[PDB]
Amino acid sequence: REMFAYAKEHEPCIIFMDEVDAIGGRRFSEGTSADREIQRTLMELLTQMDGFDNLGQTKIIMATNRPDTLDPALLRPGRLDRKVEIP
Amino acid sequence: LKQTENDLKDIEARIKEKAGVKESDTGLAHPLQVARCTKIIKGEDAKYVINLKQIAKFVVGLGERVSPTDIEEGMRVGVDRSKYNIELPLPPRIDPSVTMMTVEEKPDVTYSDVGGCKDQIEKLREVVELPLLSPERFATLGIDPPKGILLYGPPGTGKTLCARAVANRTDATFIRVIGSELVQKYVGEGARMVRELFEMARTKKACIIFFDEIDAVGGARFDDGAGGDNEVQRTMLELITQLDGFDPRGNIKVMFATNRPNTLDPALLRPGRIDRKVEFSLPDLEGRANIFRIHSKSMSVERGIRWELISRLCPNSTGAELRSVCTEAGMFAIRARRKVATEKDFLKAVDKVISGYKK
Amino acid sequence: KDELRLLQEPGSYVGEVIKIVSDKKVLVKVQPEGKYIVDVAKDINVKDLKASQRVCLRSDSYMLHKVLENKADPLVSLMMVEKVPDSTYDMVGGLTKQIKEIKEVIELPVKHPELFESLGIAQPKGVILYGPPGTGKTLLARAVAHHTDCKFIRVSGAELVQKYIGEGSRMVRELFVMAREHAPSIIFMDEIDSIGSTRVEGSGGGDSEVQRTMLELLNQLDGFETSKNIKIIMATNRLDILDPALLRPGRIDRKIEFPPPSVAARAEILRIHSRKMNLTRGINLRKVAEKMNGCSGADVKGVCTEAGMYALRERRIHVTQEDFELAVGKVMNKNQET
Amino acid sequence: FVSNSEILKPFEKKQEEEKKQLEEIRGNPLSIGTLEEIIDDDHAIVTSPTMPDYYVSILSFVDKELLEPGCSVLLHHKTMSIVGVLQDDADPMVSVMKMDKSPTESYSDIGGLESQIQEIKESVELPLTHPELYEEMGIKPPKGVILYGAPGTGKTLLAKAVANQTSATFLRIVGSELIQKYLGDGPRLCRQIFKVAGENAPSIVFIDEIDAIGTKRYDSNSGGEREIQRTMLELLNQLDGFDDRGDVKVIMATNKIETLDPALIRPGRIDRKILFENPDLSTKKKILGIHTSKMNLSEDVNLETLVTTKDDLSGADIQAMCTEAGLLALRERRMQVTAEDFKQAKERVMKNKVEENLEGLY
Amino acid sequence: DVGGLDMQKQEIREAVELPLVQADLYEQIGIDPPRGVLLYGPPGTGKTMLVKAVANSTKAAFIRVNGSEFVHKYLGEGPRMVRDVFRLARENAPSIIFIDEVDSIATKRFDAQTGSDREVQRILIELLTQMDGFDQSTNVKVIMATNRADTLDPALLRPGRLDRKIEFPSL
Amino acid sequence: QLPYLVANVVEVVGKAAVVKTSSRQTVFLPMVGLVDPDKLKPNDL
Amino acid sequence: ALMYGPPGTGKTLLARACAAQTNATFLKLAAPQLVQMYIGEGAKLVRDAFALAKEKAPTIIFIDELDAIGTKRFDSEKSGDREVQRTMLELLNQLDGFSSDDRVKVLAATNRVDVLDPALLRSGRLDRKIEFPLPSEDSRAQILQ
């Protein structure tokens, strides 16, 4: 939230995320045992984008080990429109 | 006559307590676990008022300041668990409980649980009996005794009594520190007690300092880094520095005890901390043959029996469980109207404790 | 002008009298602070001070000022006592077996307490409901404290426990204080309920702090206080992570199950909810329940809203017989949809 | 009244001057503190419920023998010094203490539990009546007894049955009350158990239902409490350190011993582990006599007929058997329960436990 | 703003715009409106933005609530806010409460997880009490979006307080 | 006054600073000339 | 520099020899201290390691039992290793913070190398793998002498 507000107050800001597989992932049965922090981060990233306040000039770069192990809800258009491999 | 003198202590002295005590207690004022003042501001210099409470913490800089008795307000002046800057001299860590341990000089117990196990005896004869007898030969030998002795295995099996057996011929003072009583809710007392061990050991030499169940308090835990209490951290600083560097180990020895050897402090696993390691195993038929003969010497029973058959009825088990067998020997004999334990009395006594373990 | 001088006050705390001191003082426990020995008012004799008596202690001089009314002011989370409960047994009616088991447990000792003492058996002080989820027990919960003319009270064990210092105890003990003065009342125990009204499947990991308090107050109320006409009503369909000792006497007394649903069970329920609606003469309500599959009491209750939507598109207050079967087929398929 | 009118009345008039000097030190704004440690230099530690931990000086009011560490005292807002001690008569110092001298339960009234009597008699009555038998063997008779099963039959009857023949005072202490509401009272309550029963000691201490304090887990934090370790560590030293001729006795009760602290067990001090035995025809009639006393029954109702054919139920199902029999009379609107209700309710409870044991095994 | 939603648009108009505009149609027929609706489908695609479009035609206050909120180490504050937001919407009749991905907060515990997991079943009783506990009166519209759900039916399914269940059409 | 209050400076606009005390209280104070912007950092006295 | 081999070959003994000739501060990271009952302690532990090495420039960090915290495999079972997972993630983040300081050394003495990684092999990280085999015939003669 504070990063979302700091990006709106200060336009020249670039956010870079590294190894989001720890905060992301489908896990196994989609159940939660000490897992509440994984869903806590993912749900906030998707909720700030589809709200009435969007980010016009703010760019957020995410990185992970595999794209297929992430949340498919983020890969759909309307929030994350850029999927680019790095060979 | 004496009725007036009884109340006189609470009457005549109360008049002096009005002016005298209230003046000494002015400023909103022997183990003390909380050092804090209330709204005390003086000056610049001679202010201090260090507060350990979460609200309104303070620190004092500008070099070193040492006072013999009164620093600022006297009394509640203290440090406790959080060391604030430069002031050592007045810790409120003194608890006159330091006699809680057991100090036995020249123990009269020679063979109790030690008999029957050959391997554990010979390992402790070279590093204990010899230096406590003729330490001068080790100065000519060129090497030094090990800085620590690792004893791991089942507790209460004679691991502690094995140190008392070797100390008998050398007439060494046996000092045992029980890990159960070592763990206390007071933070900061463990650093003082360990420091007083080496200071007192220099007064009377030829002593052995033993520690029981070190894993109770632990050599390595998750409360050191994550937690806010300092106990084992300051204990290891006083354990390694005091003993190893300036203190000769000839007349001063430190022996620990534990169960799982891999759960100890990894700092001790490095070279230069603990060298001698002795492994304890369950006694066999020959190992338990001499154990029941020693315990039966105190009690009065029939001498025409054989203890090698009694030890054969019970399988391999910890030596701490063998003591409960002797307590059951003099019981079933009463049911048979026998003041002493006959040969048939030990038959039903051993078979009773075997089914109780359910192993 | 005289009111302006009265509006200036240093303030006064709130406490309760504990005991009486021969020194012309009194020990009063201040709820936000603690137990403090204060002075008794000069215009109020010390003989009028009773146990747990609500009084007023000044903030400035820390002493008794006057004697207010005697009551325990509740801290309100979900536990506020309501007024004029609105329900009836004719709305949830149609279940013959369940009503007979509720009356002989809850309502029986309230109306005639002498039947248990003369027979030689203790009156049941609690009952645990059994059955599938969503049988319509949410509406009859208001009628339990209504027809019996008791005080409506709901208790949430989660909101009365906080990690703050002193906030996980005084809240729980507040329920025990008012339960004695409100004694002609029925206490509702939630958050353990698996019956399906509100079903969280119980909480075994969040109650670790409250088990040291609430479980002591519930057992001490029956045993030590011997206060009758107080019904502690719990619910669940399974005991696994809860207290294993509930089977002992003093907690579980009677067990009310639920009758198996059938045509005759849903035939009376559909007729009750259709009284507020308007049906064309010649429609059989018993044939509607025959085509239903796995429908509980709440499944039939939801058909009323769906049945009125088809007739609203045509803008008619009277629902034709054609729209009922089309609505029931949609409600029955809600669980089997996709 | 008449005698004290010429004694106490002129006494209070001459003692009024000393009371005036007291009230000046007392003061109107008092407060309740908490003691920690008492030293001979007239100093102590006090705390008000807002937790401003202080250190003050002890004045002269009452003798120091009335002051004990871990108690509550009176304070004043000036120097926060102790102006007096709070009366402990209202607030119980221990957890649960019930002194029963020469109880009703005996060895012959508990039924077919005699198999358990022979074990407890040798570890309790034998060292008390003939202490010289253990002196020849040089052994320490175990003072502890470990009980198994459910209360109301094995634990309830045998607890008070051992005190009758031994002429001992029965003290019942709740095991779930070992952690009591306050920090620092752990070692205090452990000594008060042996102190009150240590002066005379015709008594046997009884403890039951410990599901918690016997478990210290892996630490004292992250869900654990420090009060748990204060009582457990002090109980081990008081039980192992104190030795006698068999007067003082401490008996606990637990359903599962695997969760208890093995260091607290201290093998060799307590050698007595008593299992649970099923009740015979004699014990089952004792449980029925309590409930059927107030329960209405005709002349054809006999306690021997009900116990003849039974699944050998515990104390919980036997109590529920007479409970279901009362519901048959309430549904029929009658205050007199016939003999058919006891037989009908007996079959229902019997079928709710063991019937065919999932018939099988070829 | 997005076509092909007529399947969902007809469901929202009946469960939102219908009780808000004309309240007399229910008293004439003798039926009561539902207190909420469950939406099943991917958020952000013809779903989440459509929910914000409801406040345009209804002119109602939209309450945005995330299932990842109310995260704290204490207790009693989380379950208290569920009751407070309901009474907050009672004063203003044009109010709408929305919950994004209720699947995270609707997951129960089949086994005891001891620490830090105790807050999943503590928050569920309050959402059910504000609906199943009270009678049927609508001062606000409750909409809970679900991206994916295997089985979560604590009290939620069956038409006790919630009748219609909206599903995102794939075809 | 030598015993200063223990706190942490969360923010070094240019002459304004924000400090967070360990008492769970947050106050606002202007920057003085006896300190430097690089010397004010959290996790420090 | 990566170091692997059986214990007793001098992997933990020679760690102080590099800091003694270079006048560097020896900082040891204990293996069981990396296992914490609290979740999320790996972030503050790594940040405080380089924070102390920032004030004192000649500081060498020694890591014990690299294989314990060095294997995530490919699996989803990391829920129990979740504290270990973010430990290696923060290690890659802090080493990228300051690329101008070569006086902070990271040394890990372990038994062997099993799970590789393209992130672990690069500048400012473990590069040269120096094997610590068992001493030969003439090697044991010099050690015993």
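All chain C residue numbers match Swiss-Prot; in order, they span 59-396.
Just so you know, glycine gets a Cβ as well, placed from its N, Cα and C.
Annotated features in Swiss-Prot:
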type	residues	note
BINDING	C:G189, C:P190, C:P191, C:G192, C:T193, C:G194, C:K195, C:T196	ATP binding site
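Sequence-distant neighbours of C:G194 (ATP binding site) (same chain, six or more apart, CB under 8 Å from its CB) are C:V150, C:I327, C:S354, C:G355, C:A356, C:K359, listed in sequence order. Contact with chain E, taken as any Cβ pair under 8 Å, is found for none of the binding-site residues C:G189, C:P190, C:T193, C:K195. Within the set of binding-site residues (C:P191, C:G192), the lowest number of other Cβ atoms found within 10 Å of a Cβ is recorded at C:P191. Fewest Cβ neighbours within 10 Å among the binding-site residues C:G189, C:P190: this applies to C:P190. Taking Cβ-Cβ distances under 8 Å and a sequence separation of 6 or more, the neighbours of C:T193 (ATP binding site) in its chain are C:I253, C:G254, C:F316, C:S354, C:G355, C:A356.
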